[PDB]
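In: once you've seen the sequence and the experimental structure below, I've got questions.
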Amino acid sequence: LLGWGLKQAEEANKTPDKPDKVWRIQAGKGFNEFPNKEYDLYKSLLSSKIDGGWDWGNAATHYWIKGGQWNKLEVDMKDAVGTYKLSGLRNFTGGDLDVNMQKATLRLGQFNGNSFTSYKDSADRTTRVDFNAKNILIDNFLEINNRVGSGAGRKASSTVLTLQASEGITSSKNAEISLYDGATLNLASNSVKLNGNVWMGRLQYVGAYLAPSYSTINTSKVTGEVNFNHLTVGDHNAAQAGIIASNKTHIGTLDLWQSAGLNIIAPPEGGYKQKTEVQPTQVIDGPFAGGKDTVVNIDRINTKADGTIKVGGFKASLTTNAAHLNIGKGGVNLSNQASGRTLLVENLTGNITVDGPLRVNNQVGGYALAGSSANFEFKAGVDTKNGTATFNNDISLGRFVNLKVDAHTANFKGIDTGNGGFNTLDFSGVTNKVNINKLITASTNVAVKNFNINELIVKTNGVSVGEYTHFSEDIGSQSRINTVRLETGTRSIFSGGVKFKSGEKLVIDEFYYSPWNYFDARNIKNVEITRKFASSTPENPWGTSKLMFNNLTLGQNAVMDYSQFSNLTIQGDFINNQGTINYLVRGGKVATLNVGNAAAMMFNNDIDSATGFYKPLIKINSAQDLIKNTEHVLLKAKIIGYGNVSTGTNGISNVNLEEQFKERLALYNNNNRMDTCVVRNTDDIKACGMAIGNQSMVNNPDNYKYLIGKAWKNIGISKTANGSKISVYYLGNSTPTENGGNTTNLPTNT
């Protein structure tokens, strides 16, 4: 209810105590010349002025200083050389030790653990236990502010432990450091490397699951290499731990609880530093920004999730104000009970670089039920709004898992959610871009305001409907997809598909049709295609494909493949730029193409040297069985508005609008152009006579000499190119005479 940011900021600025009977013990002669003796420190020195006892009410042991828990002692060695150990000081209430041991190796555990506790008196005192050794070498467990016995008797107040070596504070493998509700820990050596279970926050009493349970490991002075190995926050409560580190914190396995917080705080930029009565200035801290090179290399985040069921999740969280939060190859795990647990990997003023697989219940897919909506959550650069959330590993989300990223530029490498479905892939906090490299979706709730996803997969989702890709917010102006690839649905029902809600354009390069997956393109008015527009079954189309548009505008060189096997349904303005649309019959008849309001076009002298003519602007290929003497409606339209770079047509000239558009269309059948036959030599006369079925152009190419720098339009083939209809009237494959007529010239603008 208070929060850790108040608690540590009020406990860091305190006077220690006011104790009477300041005992002073100096280790005189005898100690300071045996460098390897392996002394004891309790029995040989400290037991003179530390008396044991028994508390009537839940005692195991009971230690204080002398005549109560309000008496300071001190030990002033400063030259005692050797190696010392505590080895069994349990339930030490005491108060105000400081064992000043220069050039003396400590060992704070051997065959038995240690404990440092206080009592909740009417004075509300701390302990302020200090040490000043050279190495420390913990080597067995230490419980700071533990429970004394079991519940009853006197309760435990706060404490402070300070370990101030000058060569390293290491630890052994089985040294469980477990600091509790009121405990802190200050370290000041170089290269802390705790290779054991650090346990911030624990059940202090037997059933109190609703304790606040704060803690602090203030490793502020550590000039070397902080290295945890196994950090574990919280146990059956809402623990809010905090580590004020020294801007380089490699840890190992992190094991949060369901409702466990973590406030890793990097240092600032320049580093740290009847009668009235005046309390001292209680300087408080706000959430500030870390320095430049502040790195927190947490390499595995698990979560222990069991217990009760609440109306939501429980929102495990960690909060870091460092300039980087690298998460390595261990990735993210999340245990899941019946309600969907929630992980909040927050960053205040930095970046997030996750390089691992987002697991849940310790597998990559991780299916979850409907009431279990697992909520991954990332906040990269909140208070400065210029932080990227780069996920350099190909993530994979199963069913009922809800990623949300609220950053500046959420880069990715691949998102794969088509396996599970029902995934809220939120991106609502994104400032500008979400640069996804690969996408797999079945029934998703994507909400991106601006992006460029250069690969897209439109999956189906069984036979049920109401399950679809849903871009449920505005797509904006700078949006882009560089590849859309629909895959084949299921027979007789449009199960899966893609629908939008808003936006104005999305520059697509390549697209694929599919049987029974609908590409609904609601409300977006400039759906642009730039290259090939094919089907996912490219040589054998079938089925239907609802391309339920509201506008499009196709640009340069983008070939289309429109048949009866793809009901391309336009409710808007099919506009074509210099793009070569291809057709096909699949049964001798051409499917019409419905332009909603206007098909206004504009071109140039799009001449090539492969043919000598212009590029064939609208082609009807694979019309080998095209029915002669029959109107085949190519497209039903309202305005065929031709243009070029001027109003006058055929490149740049003053020619009228529609009659030359019969020239730029082509009928490519029998593997050559049969509408016109554009000729620059004698070699293509062979294939031209193969196209029109005449041996007068096959056996002798020099029989017809009207075609050196010229061409000829085939009589018996008529087309419309006026302002209301384009229809092709294939009614004759007639043999052209040599010098009688029906001949055309070359453009020749090169």
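Out: Received, thanks. Residues are numbered from 1 along each chain as shown.

In: report how many residues lie close to residue 393.
Out: Neighbourhood size, residue 393 [other C-beta atoms under 10 Å]: 17. Where you see a C-beta, it was placed from the backbone N, CA and C, and this is true even at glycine.

In: who's in contact with it?
Out: 331, 354, 355, 356, 357, 413 (C-beta atoms under 8 Å, 6 or more residues apart in numbering).

In: measure it to residue 331 for me?
Out: From residue 393 over to residue 331 the distance is 7 Å, taken as C-beta to C-beta, to the nearest Å.

In: identify the contacts common to those two.
Out: Contacts common to residue 393 and residue 331, judged by C-beta under 8 Å, 6+ apart, are 354, 355, 356, 357.

In: among these, which one sits closest to residue 206?
Out: residue 356 (37.3 Å; C-beta to C-beta).

In: ok so, going back, most neighbours among the contacts of residue 393, which one is it?
Out: That'd be residue 354 among the contacts of residue 393, by other C-beta under 10 Å, with 23 neighbours.

In: show the contacting residues for it.
Out: 327, 331, 332, 345, 378, 389, 390, 391, 392, 393.

In: among these, pick out the one closest to residue 363, please.
Out: Out of the contacts of residue 354, the member with the shortest distance to residue 363 (by C-beta to C-beta) is residue 331, at 11.4 Å.

In: how about the closest one: what's its closest non-neighbour residue?
Out: Once flanking residues are discounted, residue 331 sits nearest to residue 356: 2.6 Å by C-beta to C-beta, 6 or more residues apart in numbering.

In: now do the contacts for that neighbour.
Out: Contacts of residue 356 (C-beta under 8 Å, 6+ apart): 300, 327, 328, 329, 330, 331, 332, 393.

In: before we move on, back to that, which of the shared contacts of residue 393 and residue 331 fall in strands?
Out: Judged by DSSP state E, the shared contacts of residue 393 and residue 331 include residue 354 as members of strands.

In: mind picking the one among the contacts of residue 354 that's closest to residue 564?
Out: residue 391 (43.3 Å).

In: ok, that closest one - how many residues close by?
Out: Residues near residue 391, counting by other C-beta under 10 Å, number 24.

In: surely it is in contact with residue 407?
Out: No - counting by C-beta atoms under 8 Å, residue 391 does not reach residue 407; the two are 10.5 Å apart.

In: distance of the residue nearest in space to the middle of the chain relative to residue 541?
Out: Among the residues of the chain, the one closest to the centroid is residue 391, at 5.1 Å (C-alpha atoms, centre = their mean). Noted for residue 391: a distance of 37 Å to residue 541, by C-beta to C-beta.

In: then residue 502?
Out: Residue 502 sits 31 Å away from residue 541, going by C-beta to C-beta.

In: of those two, who's got more company?
Out: residue 541 (20 against 13).

In: how about the more buried one: what's its closest non-neighbour residue?
Out: residue 565 (3.8 Å).

In: count of residues packed around the one you found?
Out: Counted with other C-beta under 10 Å, residue 565 comes out at 19.

In: next one: the one 10 residues further on
Out: Here the neighbour count serves as a burial measure; for residue 575 (other C-beta under 10 Å) it reads 19.

In: who's it bridged to?
Out: residue 553 (DSSP bridges).

In: wait, it sits on residue 553?
Out: Yes - with contact defined as C-beta under 8 Å, residue 575 counts as touching residue 553 (4.3 Å).

In: buried ones in stretch 551-570?
Out: 551-555, 558, 560-568, 570 (16 or more other C-beta atoms under 10 Å).

In: need the contact list for the residue nearest to residue 474 when sequence neighbours are not counted.
Out: Spatial nearest neighbour of residue 474, excluding adjacent residues (C-beta to C-beta, 6+ apart): residue 502 at 4.1 Å. Contacts for residue 502 (C-beta under 8 Å, 6+ apart) come out as 473, 474, 475, 523, 524.

In: just the buried subset of those, please.
Out: Neighbour-count burial (16+ other C-beta under 10 Å) is assigned, among the contacts of residue 502, to 473, 474, 475, 524.

In: quick one: contacts for the third one?
Out: Contacts of residue 475 were listed using C-beta under 8 Å, 6+ apart, and they are 448, 449, 450, 500, 502, 503, 504, 506, 524.

In: ok, the third one - how many residues close by?
Out: What it means is residue 450. 18.

In: got it, and residue 4?
Out: Using other C-beta under 10 Å, residue 4 has 19 other residues around it.

In: test my guess that it contacts residue 240.
Out: Yes - at 4.3 Å, residue 4 counts as touching residue 240 under the criterion of C-beta under 8 Å.

In: shared neighbours of these two, which are they?
Out: By C-beta under 8 Å, 6+ apart, the residues touching both residue 4 and residue 240 are 214, 261, 263.

In: in CSV, list those residues along with neighbour count.
Out: Output for the shared contacts of residue 4 and residue 240, formatted as CSV (neighbours: other C-beta atoms under 10 Å):
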residue, neighbour count
214, 26
261, 24
263, 22
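
In: please, which helix or strand holds residue 175?
Out: Per DSSP states H and E: residue 175 is located in neither a helix nor a strand.

In: roughly how far apart are it and residue 642?
Out: 84 Å.

In: same deal with residue 184?
Out: 81 Å.

In: which one of these two is surrounded by more residues?
Out: Under the neighbour definition other C-beta under 10 Å, residue 184 and residue 642 were set side by side, and residue 184 has more, 24 against 21.

In: once you drop chain neighbours, what's closest to that one?
Out: Closest to residue 184 by C-beta to C-beta, 6+ apart is residue 216, at 4.2 Å.

In: just checking, the one you found is part of a strand?
Out: No - looking at residue 216 with DSSP: H, G, I helix; E, B strand; the rest coil, it is coil, so not inside a strand.

In: quick revisit: relative to residue 533, which of the shared contacts of residue 393 and residue 331 is nearest.
Out: Checking these one by one against residue 533 (C-beta to C-beta), the nearest turns out to be residue 357, at 35.5 Å.

In: show the contacting residues for the nearest residue to that closest one once chain neighbours are set aside.
Out: Of all residues not flanking residue 357 in the chain, residue 331 sits nearest, at 4.4 Å (C-beta to C-beta, 6+ apart). By C-beta under 8 Å, 6+ apart, the contact set of residue 331 is 300, 354, 355, 356, 357, 358, 359, 393.

In: using PDB, write out every CA atom in stretch 119-130.
Out: Output in PDB follows, covering the C-alpha atoms of stretch 119-130 (Å, rounded to 0.1, in the frame of the first residue of the first chain):
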ATOM      1  CA  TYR A 119      12.200  -6.900  17.700                       C
ATOM      2  CA  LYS A 120       9.300  -4.500  17.300                       C
ATOM      3  CA  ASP A 121       9.700  -2.600  20.500                       C
ATOM      4  CA  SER A 122       8.100   0.700  21.400                       C
ATOM      5  CA  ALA A 123      11.200   2.400  20.100                       C
ATOM      6  CA  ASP A 124      11.100   0.600  16.700                       C
ATOM      7  CA  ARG A 125      14.800   0.000  16.400                       C
ATOM      8  CA  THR A 126      17.100  -1.400  13.600                       C
ATOM      9  CA  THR A 127      20.100  -3.600  14.000                       C
ATOM     10  CA  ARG A 128      22.800  -2.000  11.700                       C
ATOM     11  CA  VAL A 129      25.000  -5.000  11.800                       C
ATOM     12  CA  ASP A 130      28.300  -4.100  10.000                       C
END
